[PDB]
Structure formats: structure tokens, C-alpha cells
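Novice: Attaching a single structure in C-alpha cells format; questions to follow.
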Amino acid sequence: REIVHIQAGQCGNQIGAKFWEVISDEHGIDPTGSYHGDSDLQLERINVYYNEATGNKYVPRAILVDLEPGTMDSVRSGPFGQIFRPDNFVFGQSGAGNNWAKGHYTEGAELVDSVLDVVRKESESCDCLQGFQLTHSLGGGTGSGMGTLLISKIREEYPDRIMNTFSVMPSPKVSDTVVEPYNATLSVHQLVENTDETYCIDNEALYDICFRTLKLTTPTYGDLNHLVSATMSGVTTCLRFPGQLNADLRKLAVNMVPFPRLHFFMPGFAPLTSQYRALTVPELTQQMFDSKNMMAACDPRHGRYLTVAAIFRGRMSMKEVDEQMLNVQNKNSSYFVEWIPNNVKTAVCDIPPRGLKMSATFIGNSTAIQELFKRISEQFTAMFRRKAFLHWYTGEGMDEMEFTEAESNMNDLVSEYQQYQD
Amino acid sequence: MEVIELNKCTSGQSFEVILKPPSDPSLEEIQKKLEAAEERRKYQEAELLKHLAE
Amino acid sequence: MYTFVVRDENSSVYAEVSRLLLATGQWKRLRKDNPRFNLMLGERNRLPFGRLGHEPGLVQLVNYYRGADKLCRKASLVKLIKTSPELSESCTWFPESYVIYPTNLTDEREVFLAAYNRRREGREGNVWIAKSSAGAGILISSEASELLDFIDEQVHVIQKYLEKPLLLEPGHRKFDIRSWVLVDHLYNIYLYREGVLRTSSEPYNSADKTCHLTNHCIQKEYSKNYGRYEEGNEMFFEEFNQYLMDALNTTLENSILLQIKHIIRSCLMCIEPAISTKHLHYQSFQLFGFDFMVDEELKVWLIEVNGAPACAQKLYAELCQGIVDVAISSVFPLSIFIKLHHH
Amino acid sequence: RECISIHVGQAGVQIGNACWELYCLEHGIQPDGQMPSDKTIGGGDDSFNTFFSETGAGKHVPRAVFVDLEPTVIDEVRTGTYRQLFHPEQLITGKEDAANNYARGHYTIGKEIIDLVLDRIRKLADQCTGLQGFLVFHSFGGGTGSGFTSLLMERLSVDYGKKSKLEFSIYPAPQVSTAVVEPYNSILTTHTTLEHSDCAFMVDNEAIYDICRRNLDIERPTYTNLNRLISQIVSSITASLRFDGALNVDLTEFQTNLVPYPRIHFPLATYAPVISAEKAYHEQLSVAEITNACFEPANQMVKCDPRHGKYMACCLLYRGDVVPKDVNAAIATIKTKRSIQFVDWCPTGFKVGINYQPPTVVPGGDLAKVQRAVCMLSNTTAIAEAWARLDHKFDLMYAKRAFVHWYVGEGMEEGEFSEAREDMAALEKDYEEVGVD
Ligand SMILES: Nc1nc2c(ncn2[C@@H]2O[C@H](COP(=O)(O)OP(=O)(O)OP(=O)(O)O)[C@@H](O)[C@H]2O)c(=O)[nH]1
Ligand SMILES: Nc1ncnc2c1ncn2[C@@H]1O[C@H](COP(=O)(O)OP(=O)(O)CP(=O)(O)O)[C@@H](O)[C@H]1O
Ligand SMILES: Nc1nc2c(ncn2[C@@H]2O[C@H](COP(=O)(O)OP(=O)(O)O)[C@@H](O)[C@H]2O)c(=O)[nH]1
Ligand SMILES: COc1cc(S(=O)(=O)Oc2ccc3[nH]c(C)cc3c2F)cc(OC)c1OC
Ligand SMILES: [Ca+2]
Ligand SMILES: [Ca+2]
Ligand SMILES: [Mg+2]
Ligand SMILES: [Mg+2]
Ligand SMILES: [Mg+2]
């Protein structure tokens, strides 16, 4: 079961670049593509994210997309830049100017066809393609605009494959432009309709974790992206490493998504790292469900968990893992829906992440995620009610009504997340 | 408490102990519902492409 | 922290037990339909026992013993006696009783008329009584056709009437002893040291149904002398025991309680192999209310057993705490009872 | 005669792999299929030939068919120790599993492979002078075990309308769960299989898990521990078919002795004794001790309380050093203490069967070798508890239509849910009408 990776935009390629830099190490793949590990478990499922080449070389099944050549030149010049397939670099020149319209309708349109040719070529060499995973931000123009355009076009051609995304939400605390709510609202509507699984990565959460928890006075995008790498490694562990659960993207969606539109997951990770003391199983569980370890900036206690999937990594007592997991459910039983039995799933992997002996990653379909969409919606209306900055989008051919629709679709999503909270 | 039908063999024996007396569809019908499900599955798909065409 | 749910709002006893558990600060009340509980205060009718003991890492307890209806219903009690060797047909403390089905509707009609004609031809007192589980409808008559036609006019039962009841001289009235029994998950039989006497207010007349029925509702409704002698027509053991000493020159422990403790043990040991939850995936406890009646020779009789009793106002505090102490905290850690030892 | 075993889904394949392992040990068949005991190489009308065909080279080949929409589980049978037993034509695999979706295993991914499975089944059916029926191993909760099984039961009922069909079903348990939509699949597959299965043996994974923990002292039972225990019970039930005897000698007799009402065809199995092989030496239980254990809920394959449920039939299947007189004395003494209330329209009696050969165990397993063991098959109304538990979980998710879109997206209609559930409510009504006091 192969997965095709796609990274779009500055944020999409920079977090995506780190993702490959991380798992490549976890599987023992050097920057040249040669395997230099010890455990065969590293290679039992290497085909999921890597294609084997001549001379036992492992090339990521990744596609790098951007309307500017800047962020992709850095990737090629980065640590693991020589490992990516050269043909899979697809870039434009004019850029998207942090404009959703430019990425979705005008400048991305010129480039989108070329990308699908690479996607098609990768899918053709997949014995059993299970789906695609995209990394991008919703606040910019390329990853947001063009990224959703690709998702829409990929669905038209692979309607029976799972569409997964790691979607970085904008935040005024970490902001590049005031039109980020416009771009994010337009993108959210697309994700609601055309994805099965969206990992909501809120830059507000990443910032607070770097500032409050990790005690970094001035977080940099690199600091926030270290958090994203740890999470992306955690939520792909069951895919990348063998287990008794034969995990795949379709199974995750069937069990995590009770309603097709409510597929926006709150990811959490423990222990938060920027360090020699090992962490016990109860410590992982407590921190994992703690709001200070959530990557979405929502209070879980303000909502209810529809479904939860937790992954513990390292050598530990699986019996103890149960003892502490069931404890949380039985303690905070009010924060889990009572009408979905056995809505908490736990898996264990003996292989720990690089640098830690014990770790735990958490995937939560919580109705508290409505707080995030409400935050975006408020920021969106605050500008739209005065049509502020709309000329950047109407100049690219869009009409006001398309905003009013995305606004309504956003407010509707919040209402849907609310009805299931009672 | 009456043992009855004491059958015995080399590999075993069996008996009964009374303690108190007393006081499908056809192949076509299958294919009909099966093919009918793929029709709804292909119609729901066609609607998706029609929606994406818009 | 411990988890419990509530599904019986009309329970005046466990409305108090729910109060105390929360007051400890170590117990939490969830919603009635939450499957993850450590304890259930389930409803009277249709308690879903089949769904209990199936939650991983969750020791579940319930305040009702499944299958206890065989002892807390009129028809099943009489059928339990006789058919049970322990509670033989020759049960000295159980009033002679027979199960009667209405004609519109096994049945024991011809057997009732058998032991009736013997008393008429033997010059013996032949007064009987009929009642049912659908009561607030009772009839006391010396004839046969009158009681059986009243039955035709659900499953009823007819038993012999205590035509010679023990009467308290300060009034010449009839009392009714209520003893509270608690059976925990270990099937230890705990009797509450404090009981009540729903005394009457009118003089018993062996020739009207107010001086014959001693329910607190009848005394508060039909009787006018409510509260003349004792408060609320409910005497306690301390007052009663003193009257036994001054009048009959005996005590409550010997002339009455010895029999009461025997009747309690016999009934619960009889159905122990049918309701015991020792090797079961869930545990059960339950509070019972035994109603007795004492005759003039100081002999205790068994009237009925209630599965959902209501405790006296004074003794709510002392009792409902005892429920938590021995039934709820015995399995979920955070004397006023007499343990009836047995095997 | 002959019996064809069919193993569907992950649980069916793994449990079947454990059963045929135990059959080989009990029949002395080597992992290369060579049975030295057999002196009729190539032929043999013996009793064990009902489950094993004989090749010209003298190889005892199981009369089995393993099916799974995904190839990972059956590949271990192909590279396992007993790989030589089967030929590849019996091991059928797909590419994509059903993703725990009944609709995906019945309407979409199942319909692609049903025709092939039936042909492979016919390849064995034609090797049978008289075919008795089929033994179907599968899980309620799995997408393939529920969806594809029900489809096959519909088709077998057409192509083999005379042959009987017995079921070994794994009732879902949260302790070893695999998906949250398992209740949906368990209800859909029971509704679509009820009219086709002649008798079904439910195994609650909760019972096996607890039994492994308490009696075998295994902190975290694996599927291996569960399957090795389950195969012991399956062996007791199928022993009468594979060894000479007179009780339950053909598949139709299970229906006669245990299934008076066709829809109430879910006998409750109880096994004893389960002893930890870690124990150096255990106090070997007596005939009366193991018989009494048949009435302890902790030893039942489905957690329920037979006291509050009337019996309709009861078979005792002893295995080992057991003599009829011991059995009768145990039955008489257990009547007095226990409360065994049959229905008024059935005799209060027990059909007993003894096989002198002691229960076999796998070398290096967890089950100690015992000198006498018993498996009780009692068709008691108390097993309706499991249907109620399963039905309540169904009503909780379906009230909000949770996860339903996944099924309708494969072709299913929302109505088929209420149809399947209303059938389950009817089954719970039938159990009550038979168990009223
Ligand atoms: N006793 C036992 N139960 C099992 C075993 N394997 C899976 N199960 C149970 O089966 C249920 C899931 O069904 P599976 O058989 O794994 O699924 P499947 O038949 O492969 O169908 P798919 O969803 O397409 O994979 C869960 O409730 C598990 O507890 C096993 O080996 N032994
Ligand atoms: N055999 C008998 N002899 C004399 N009096 C009898 C009797 N059977 C019943 N009684 C009288 O009938 C009264 C009420 O009977 P019973 O106990 O059936 O009523 P009930 O069900 O309302 C009691 P509770 O309020 O405790 O549930 C008793 O208090 C007693 O005075
Ligand atoms: N976490 C993270 N967020 C980023 C990064 N770069 C930009 N962002 C965020 O994404 C939005 C800008 O999007 P950007 O990726 O530059 O848009 P694009 O280049 O046109 O696709 C803002 O909300 C930024 O805070 C990055 O490297 N990491
Ligand atoms: C790759 O992503 C993952 C996939 C899976 S799975 O393929 O086994 O899907 C399942 C199966 C059963 C389930 N029950 C519930 C409540 C959720 C759930 C589920 F998601 C499990 C993962 O961790 C537990 C996981 O995390 C990284
Ligand atoms: Ca032979
Ligand atoms: Ca049939
Ligand atoms: Mg930028
Ligand atoms: Mg009353
Ligand atoms: Mg599978």
C-alpha cells in the first residue's frame, strides 16, 4: 500500500522537507538514499513512502510544488536535498503573492497540469495506491490556493483513494499578511468537501508551546517546524512500521470520521521537546491529553471527543499502557461521547523516535475544533464586512459571492460540530 | 434418571440421560440486489463528477 | 475517584446514598446512559443486568440482586415456599397461602377450598384475606365465594388471617414490624439494629378495614387517631422493647427478634444459589424490607418482602450511611448491623 | 462422507490455522501431510477422511478453503510450518481488505471474488462422494468476516441447498477490538445469514480473554493464546465428525439435537478444565468437578447467566478418562444444587458423548495436558444477553447515524440498517417468548 506525498508552498515544502528528514533517519536512509540501519523492521514497510531504485536506492514518493523557485532551491540545497527525485520538482516563477485566487484560479492553473503528470507517473508505479498526503499552509497563496486546486483535481482522477492533509492554520501571533483569514476560509471549504483526513496544525498552538512550555522567548519557524516533524512522525508511525493493526489510511478514516464533514483532527504529542530523564507511561498519557500538548489551540474540555487514536512508541508495559489509557477515559468520561462505544484506540510501536526512549502521539476528532474555525471565521468577517483587501482577489477574477459562500460554509461547519457536542 | 441409547465403540461411547419427560432466495434475486447496489454506487459517483464538472 | 450513575429518581433511600457519595468528594455522578460506571443505582423494573460486567478495567456493582423478584412478589413467594425444600410446605412461620388466578385468565383454586372446608366443619376460626402485588385492593372475608368473586372482579393470593393478633394494651391495636436487611456482594446478611412498628390507631374489631390494615397510608388517610399514642403511628424498637418488659415480662431480643433473624436467614439462603453473584462478571447488593406480624403467643409471621423499601425519617441518616459502609465501600474503598452468620 | 471447512477473514484464517494444527496432532498427521497411521494410502473411508482427502502420494490434505480480501494473513499459512498441507488452490487472497466495512466486503470488494471462491469450493465439493455441509469460520466484526461471509452463505444456500451449514463466529469484544463499527457489521451479517446458517457457535472474545488471564495467568493474551483455546473447543465440537462415534455423527444431527427452533440456533458452549501448563503439576479435576464447571459462567464462551434462562437442549461432550457411571452421578448431584429449568415442551435431559482419547494440546503451548475434559453445548435462552449488549451499542451509534455514510458510499441503503436491526429485535422477542417464567 503506497502513499504519494505532495508538499505545496513555502510552509508545505519546509514542513514536508523536515518530515522526510525525520522518517529517513527513522528508517536508516542517508541523504544519498542508501539504507544504513540495523533493524529489518525499518524496511518491512519502506515501500509505503519510498520507491526502490537501481542499486538499492530509496527515493521518496514525494512531489515538490511551488509557484516560486525560492523555497524549493533551498530544499535541493538542504540536508536531504539530494534524495528527492529531480523530475518531481515542479515550480513556477511568478509566485502566488499570498493570494488564494492566484494559486487556485490564475497562476496555479498554469502550473497544475504539470503537477498531475508527476502524480500520475508516481501512481502508475504503485502496486496498491491507498491515497495521497499533502502538506501546506492555508494562510498563503500557493499551498492554500493551488494546494486545494490539486486536491480537487486529484479527487476527480482518483475518487476512490484516500485524501489526507497536514494543514497549517494561520494565526495573528505568527502572521505574514492580513489576508490570511481570507485564504484560510476559502481553503477550509475545499477541505470539508474533498478530504478524508485533515490534521489541523495551528500556528497559534505551535507558538504558545514554544513560548510557554518550551520557554523560547522568540520562536522561529524552525522551532515551530520541529514540533510539526515530531507530530508527522507520530501520526505516520502505524503506516511506516509493522504492527498487529495493519493500519492504512482508509481504516483510519472509517474509524475516526463518524460524519463525512467532521474529519478535522486535533493532533497531540508528548513529551514536548526542543531531556535525559525517561518518561513513564502515566506521564505520557497525562501530558498527551493535556491541552498544553495539543497542536490546534483548542481546549478539549470545551468540547467532546468523537473518536481518539493514540500511538505509544518505545519499550514499555503494554499492560500499563492500557491501565493508564482506560484511566483517562474513566476519569474524563464527560469529554468523550457516550454514543460511540470504544471510541479510543491505542497502538504501540517498539521503535522510539530519534532522541527519545518513550513518546506518545495523539489523534483527536474533538468537537472543540470548532473554536479554531470560529477564530478564523471571526477574523474573516471582521474584514469582509467592510470588503477590506478584497480588491486583491476581485482583480484575479473572483466575485464577492464566492466569499459569502465560504463564510456560510464555514459557519455551517461550526454548527455541525456544535450539534454533536450535546 | 434413565440412561438410554448406550452406543459403544473402540474410540468412545455415547448415551442419553432423560431426567424429566416433557410437559431461500435464488441466484437472480441475489444478482438483482447486488447489481442494484453498484447502480447507486455508480450514480453517487456520477453526481460527484457532475459536481466537479461544475 | 469512583464512578456511579442513577436511574431511580423516586428512590428516597438511594437519593440519600447518592448525596453521601458525592459529599465524600471521592465519587462522581455520570449520566444514566453512560456505560463507564463503577456503580449503578438502577431502576426497579427492567434493570439491564445483561449489560453489566462487560467494561474493561471497570469493576461494576449494582444495588439490586437479579432474580430477587421470586421473593418480593406475592405469587412467586407462595410458589417459592412449598416448592423449596429449605422453605418446606410445612413452614411454621409462613401463613397458609395459595395462588389464585382470575377466572378470566398453575392455579390453586380447588386446593384452597380443600383446607377451607376443614375449618368450617372443625369449628375453627375460618377468616381469610386476599391481596395482590397491584395494591395501593384487599378483601377480608369469612366466605369463599366472596373472596374468589372479588378476585375475578391479575394474579392474586389468599392466605389465612391472624384472627388472634398481638395487641398493644395502651389502645388495643395491631402493629406491624418492619426490619431492614442488607445483602452485600459477599452475600453477608446484615440486619439493621433499628426497626419500626407501623402501629394502628383503632381497636382491633373481630366482627371495617381500618383497624385491620396497618399501612402508614391507611393510618394517615382513613384513621382519625393518627399520632395519638406514638408519633406518626411508627414506634421504634426502644419503645416497643420496654412495653414487652412491663406488660409481658419479656424482651424484644428473645420473644420476637430471635424468630425474625431466623426467617430472614431461611429466605435468603434458599435463593442464594439462584441470585448469588460470587463467580459472576458483575456484583450485586440490595436492601430488603421484611414485614412481620406477631400473634398473641409471641410468634412471628412473615407477611411480605419488599425489594425497594422506604426507610424511616429518623433512621435515614444512620441506615443510608450503613449502606455505603458495608455495600459500596466494601468493594470501593475510600457497627449498626447484626451479621446473620450462615454457610 | 465429507465436510468442507471455509475460513473467512483474519480471525477465520488464524483460527482455522490453529484448528487444522490441532487436527493434525490429534490424527497424528505430520506437517508434510503424511499420516503414518493411515495404511490405505490414496484411499481410506475412515472417519478422519471426512476432513482430510488422501492423495496418491499418501498426503492428507485438509478439506479446507481459506479466504481473505487481503493477502497478509494467508501468506503466513503459505510460509508457515503447515504450508505443505494445503495446495495453493485452497488459499485465496485479494489485494485490498474491506477496511472494516461490511458493505465493502459484501457489495463492492466481495462481489469481485465470490465467483472464484465458489469455483475453488466446487473443486473440493466434487472430490466428495457425499458432502455433508460446510463449517464457516469468521468474525462478526471484520469487514471481510462479516460482508463476504454473508454473501457466500447466500450463494452456498443456492448451490448446495441440501447441504448443511454450520458457523463458528467470533463475537466482538473491546478488549481485543479492531474497529468501532464492529457492532454495525455484527448486526448486518447476522440478519443476512440467519435464514442460511443451520447452527452457529458464538465465541465472545471477552470470555476467551478473561479465561486466558484467569486460568492461564497470561497478563495480555495474544490472538495466538485465544486461538489455541478456541481450537480446543472447536475440536471438541468437531471431534464426533473426525472420530468414530454415535453422537453428532453428521452435520444434520447438530440441528436435531441442539436446534428445535431454526432461528434460535446459537448453542452456548462451555469448556473445562483450562489449566496453565506453567503449573508443574495440577490437581487433575474429576468427572463431577469438570461437569459442575460447565455451569460456572466464568467457563462459558459467552458471558451470560444461564440461571435466568430456560434450556432447550444440552449435550455433554467428554474427552478422556470418563465412564458413564461417573457422568450420571455428576448429573444427578448437579441437578440438586444448580437451577436448570428446561422449557415445558422439551425433556429435561442430557445427550452425552465420550471419546476416550484425551484432549490433545500443542507442544510448547499454554494449555496443560489434562486426563479428562468436557465441552457442554447447551441451547439456553440466556445467550440472548449477547444480542442485547450488541443491539444497544448498535442503537447508540445509529441514533446519530454515526459512520453510516461509509456504508451508503459503497452502495448500501440506510434502510438496510433498520431492516437488519428490526430483525434483531424479532430475535430478542423469540428468545423472550421461549424464556418467560
Ligand atoms: N479470537 C480471535 N479473534 C480475532 C482474531 N483476529 C481478529 N479477531 C477479531 O475479529 C474482529 C475483526 O475482524 P477481522 O477478522 O480481523 O477483520 P477481517 O475479516 O480481516 O476483515 P477486514 O476488515 O477487511 O480486514 C475483531 O473483533 C477482533 O477481535 C483472531 O485471530 N482470533
Ligand atoms: N395474614 C394476615 N393476617 C393479618 N393481617 C394481615 C395479613 N396479611 C396482611 N395483613 C395486614 O395487611 C397489611 C398490609 O399488607 P401488605 O404487607 O401486603 O401491604 P403493602 O404491600 O402495602 C406493605 P408495604 O407498604 O411495606 O409495601 C399488613 O400491614 C397487615 O396488617
Ligand atoms: N509552521 C510553518 N508555518 C509557515 C511557514 N511558512 C509560512 N507559514 C505560515 O503559512 C502562512 C503563509 O503561507 P506560505 O506557506 O508562505 O504560503 P505560500 O508560499 O504561498 O504557499 C502564514 O500563516 C505563516 O504563518 C513554515 O515554514 N512553517
Ligand atoms: C496511520 O494512522 C493510524 C491508523 C490506525 S488504524 O489503521 O488501525 O485505524 C483504526 C482502527 C480502529 C480504530 N478505532 C478508533 C477509535 C480509531 C481507529 C483507527 F484509526 C490506528 C492508529 O493509531 C491507533 C493510527 O495512528 C497513527
Ligand atoms: Ca486412508
Ligand atoms: Ca438452509
Ligand atoms: Mg511566505
Ligand atoms: Mg403502602
Ligand atoms: Mg483484514
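Going down the list, the protein sequences come from chains B, E, F and A.
Letter by letter, the first sequence follows residues 2 to 42, 45 to 277, 282 to 360, 369 to 437 of the entry's author numbering.
Letter by letter, the second sequence follows residues 6 to 28, 44 to 74 of the entry's author numbering.
Letter by letter, the third sequence follows residues 1 to 105, 125 to 155, 159 to 175, 178 to 231, 235 to 361, 373 to 381 of the entry's author numbering.
Letter by letter, the fourth sequence follows residues 2 to 438 of the entry's author numbering.
For every residue, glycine included, the Cβ atom is placed at its ideal position computed from N, Cα and C.
Run through the DSSP bridge pairs and tell me what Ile318 (chain B) is partnered with.
Specialist: As a position in the first sequence, residue 318 (chain B) is number 311, starting the count at 1. In DSSP, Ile318 (chain B) forms a bridge with B:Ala354, B:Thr376.
Novice: Secondary structure at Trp328 (chain F), three-state DSSP: helix, strand or coil?
Specialist: Locating residue 328 (chain F) in the third sequence gives position 301, counting from the first residue. When secondary structure is reduced to three states using DSSP, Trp328 (chain F) falls in the strand class.
Novice: Roughly how far, in whole angstroms, is the beta-carbon of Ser298 (chain B) from the beta-carbon of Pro307 (chain B), given that I think they are within contact range, below 8 Å?
Specialist: Mapped onto the first sequence, residue 298 (chain B) falls at position 291. Mapped onto the first sequence, residue 307 (chain B) falls at position 300. With 8 Å as the limit, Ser298 (chain B) and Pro307 (chain B) qualify as a contact, their Cβ atoms being about 6 Å apart.
Novice: Quick one: does the C-beta of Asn50 (chain A) sit closer than 7 Å to a heavy atom of ligand 5?
Specialist: Start at 1 with the first residue of the fourth sequence, and residue 50 (chain A) comes out as number 49. At least one heavy atom of ligand 5 is nearer than 7 Å to the Cβ of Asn50 (chain A), so yes.
Novice: What is the chain-ordered set of residues for which the beta carbon lies under 7 Å from any non-hydrogen atom of ligand 7?
Specialist: B:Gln11, B:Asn101, B:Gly143, B:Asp179
Novice: Distance cutoff 8 Å, beta carbons only. Does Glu159 (chain B) sit that close to anything in chain E?
Specialist: By one-based count along the first sequence, residue 159 (chain B) stands at place 156. It does; some Cβ of chain E falls within 8 Å.
Novice: Is it the case that the CB of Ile209 (chain A) approaches a heavy atom of ligand 1 more closely than 7 Å?
Specialist: Stepping through the fourth sequence from its first residue, residue 209 (chain A) is reached at position 208. Yes, Cβ of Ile209 (chain A) sits closer than 7 Å to a heavy atom of ligand 1.
Novice: For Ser423 (chain B), go through chain E and note every residue whose CB falls closer than 8 Å to its CB, in chain order.
Specialist: Counted from its first residue, the first sequence places residue 423 (chain B) at position 408. Here the premise fails: no neighbours, minimum Cβ distance about 17 Å.
Novice: Cα-Cα, which of A:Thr193, A:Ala273, A:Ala278 is closest to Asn293 (chain A)?
Specialist: Within the fourth sequence, the letter at position 292 stands for residue 293 (chain A). Checking every option, the nearest Cα to that of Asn293 (chain A) belongs to A:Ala273.
Novice: Return helix, strand or coil for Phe83 (chain B), following the three-state DSSP convention.
Specialist: Looking up residue 83 (chain B) in the first sequence gives position 80. Note: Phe83 (chain B) maps to coil in three-state DSSP.
Novice: Give me the DSSP bridge partner(s) of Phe244 (chain B).
Specialist: In the first sequence, the residue the question calls residue 244 (chain B) occupies position 241. Paired residue(s): none; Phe244 (chain B) is not in a bridge.
Novice: Among the residues of its own chain, which have a CB less than 6 Å from the CB of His37 (chain B), if the five just before and after it don't count?
Specialist: Residue 37 (chain B) sits at position 36 when you count from the first residue of the first sequence. The answer, listed in chain order, is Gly29, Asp31.
Novice: At the 8 Å Cβ level, is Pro162 (chain B) part of the contact set with chain E, yes or no?
Specialist: Position 159 of the first sequence, counting from 1, holds the residue named residue 162 (chain B). Answer yes: the Cβ-Cβ gap between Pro162 (chain B) and chain E drops below 8 Å somewhere.
Novice: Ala57 (chain E) CB to nearest chain A CB: under 8 Å?
Specialist: As a first step, residue 57 (chain E) must be located in the second sequence, where it is residue number 37. Yes, contact with chain A.
Novice: Could you list the residues in the stretch 394-414 of chain B with a C-beta less than 8 Å from some C-beta on chain A, going in chain order?
Specialist: none
Novice: For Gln8 (chain B), list the residues DSSP reports as bridge partners.
Specialist: Mapped onto the first sequence, residue 8 (chain B) falls at position 7. Looking at the DSSP assignment, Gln8 (chain B) forms a beta bridge with B:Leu67, B:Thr138.
Novice: Out of A:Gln233, A:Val14, A:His192, point me to the one whose CA is closest to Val66 (chain A)'s CA.
Specialist: Residue numbering aside, residue 66 (chain A) sits at position 65 when the fourth sequence is read from its first letter. The option with the nearest alpha carbon to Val66 (chain A) is A:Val14.
Novice: Does ligand 1 have a heavy atom nearer than 7 Å to the CB of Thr353 (chain B)?
Specialist: Taking the first residue of the first sequence as 1, we reach residue 353 (chain B) at position 346. Outside the cutoff, so no.
Novice: Spell out whether any CB of chain E is found under 8 Å from the CB atom of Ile355 (chain A).
Specialist: The residue labelled residue 355 (chain A) in the question sits at position 354 within the fourth sequence. So, interface residue.
Novice: Please check if any C-beta of chain A sits within less than 8 Å of the C-beta of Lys338 (chain B).
Specialist: For the purposes of this step, residue 338 (chain B) is taken as the residue at position 331 of the first sequence. By this cut-off, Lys338 (chain B) is not an interface position.
Novice: Establish whether the CB of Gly334 (chain F) and some CB of chain A are separated by less than 8 Å.
Specialist: Counting from 1 along the third sequence, the entry for residue 334 (chain F) is found at position 307. Not an interface residue.
Novice: Is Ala155 (chain F) a contact residue of ligand 8, with contact defined as CB to any heavy atom under 7 Å?
Specialist: Numbered from 1 along the third sequence, position 136 holds the residue referred to as residue 155 (chain F). Yes, Cβ of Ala155 (chain F) sits closer than 7 Å to a heavy atom of ligand 8.
Novice: Measuring alpha carbon to alpha carbon, tell me which of B:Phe94, B:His107, B:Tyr52 ends up nearest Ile86 (chain B).
Specialist: The count along the first sequence starts at 1 and reaches residue 86 (chain B) at position 83. Of the listed residues, the one whose Cα sits closest to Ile86 (chain B) is B:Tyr52.
Novice: If distances are taken between C-alpha atoms only, which option among A:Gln11, A:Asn300, A:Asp392 comes closest to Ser147 (chain A)?
Specialist: For the purposes of this step, residue 147 (chain A) is taken as the residue at position 146 of the fourth sequence. Closest option to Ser147 (chain A), Cα to Cα, is A:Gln11.
Novice: How far does the beta strand (DSSP E) with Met313 (chain A) in it reach, from first residue to last?
Specialist: In the fourth sequence, the residue the question calls residue 313 (chain A) occupies position 312. 312-321 is the span of the beta strand (DSSP E), which, as asked, contains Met313 (chain A).
Novice: Would you kindly work out how many angstroms separate the C-alpha atoms of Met149 (chain B) and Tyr312 (chain B), rounded to a whole number?
Specialist: In the first sequence, counting from the first residue as 1, residue 149 (chain B) sits at position 146. In the first sequence, counting from the first residue as 1, residue 312 (chain B) sits at position 305. Here the alpha carbons of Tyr312 (chain B) and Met149 (chain B) stand approximately 32 Å from one another.
Novice: Let me check one thing: in DSSP terms, what residues is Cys203 (chain B) bridge-paired to?
Specialist: To locate residue 203 (chain B), count along the first sequence from 1; it is residue 200. Its beta-bridge partners are B:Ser170.
Novice: Counting Cβ pairs closer than 8 Å, one from the stretch 384-397 of chain A and one from the stretch 314-330 of chain A, do we hit at least three?
Specialist: The stretch 384-397 of chain A, when compared against the stretch 314-330 of chain A, does not touch it at the 8 Å Cβ threshold.
Novice: Does ligand 3 have a heavy atom nearer than 7 Å to the CB of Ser140 (chain B)?
Specialist: Here the question's residue 140 (chain B) lines up with position 137 in the first sequence. Yes, ligand 3 has a heavy atom inside 7 Å of this Cβ.
Novice: Are the stretch 326-334 of chain B and the stretch 398-416 of chain B touching by the rule of at least three beta carbon pairs closer than 8 Å?
Specialist: no
Novice: Considering only the beta carbon of each residue, do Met172 (chain B) and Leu141 (chain B) sit closer than 8 Å?
Specialist: In the first sequence, residue 172 (chain B) corresponds to position 169, counting from 1. In the first sequence, residue 141 (chain B) corresponds to position 138, counting from 1. Going by C-beta atoms, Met172 (chain B) is nearer than 8 Å to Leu141 (chain B).
Novice: Name, please, each residue of chain B whose Cβ falls closer than 9 Å to the Cβ of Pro102 (chain F).
Specialist: As a position in the third sequence, residue 102 (chain F) is number 102, starting the count at 1. For the C-beta of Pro102 (chain F), not a single chain B residue is nearer than 9 Å; the gap to the nearest is close to 44 Å.
Novice: So what's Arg197 (chain F) in DSSP terms, helix, strand or just coil?
Specialist: In the third sequence, counting from the first residue as 1, residue 197 (chain F) sits at position 173. In this structure, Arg197 (chain F) counts as strand in the three-state DSSP scheme.
Novice: When the Cα of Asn380 (chain B) is compared with those of B:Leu286, B:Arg264, B:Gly134, which residue comes out closest?
Specialist: Indexing the first sequence from 1 puts residue 380 (chain B) at position 365. Here the closest residue by C-alpha is B:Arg264.
Novice: Is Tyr108 (chain A) near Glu297 (chain A), with beta carbons less than 8 Å apart?
Specialist: Translated into the one-based positions of the fourth sequence, residue 108 (chain A) becomes position 107. Translated into the one-based positions of the fourth sequence, residue 297 (chain A) becomes position 296. Inclusion of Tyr108 (chain A) and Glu297 (chain A) in the CB contact set at 8 Å is not warranted, their separation being larger than that value.
Novice: Name the chain A residues whose beta carbon is nearer than 7 Å to that of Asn54 (chain B)?
Specialist: In the first sequence, the residue the question calls residue 54 (chain B) occupies position 51. Neighbours of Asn54 (chain B) on chain A: none; closest Cβ ~19 Å, over 7 Å.
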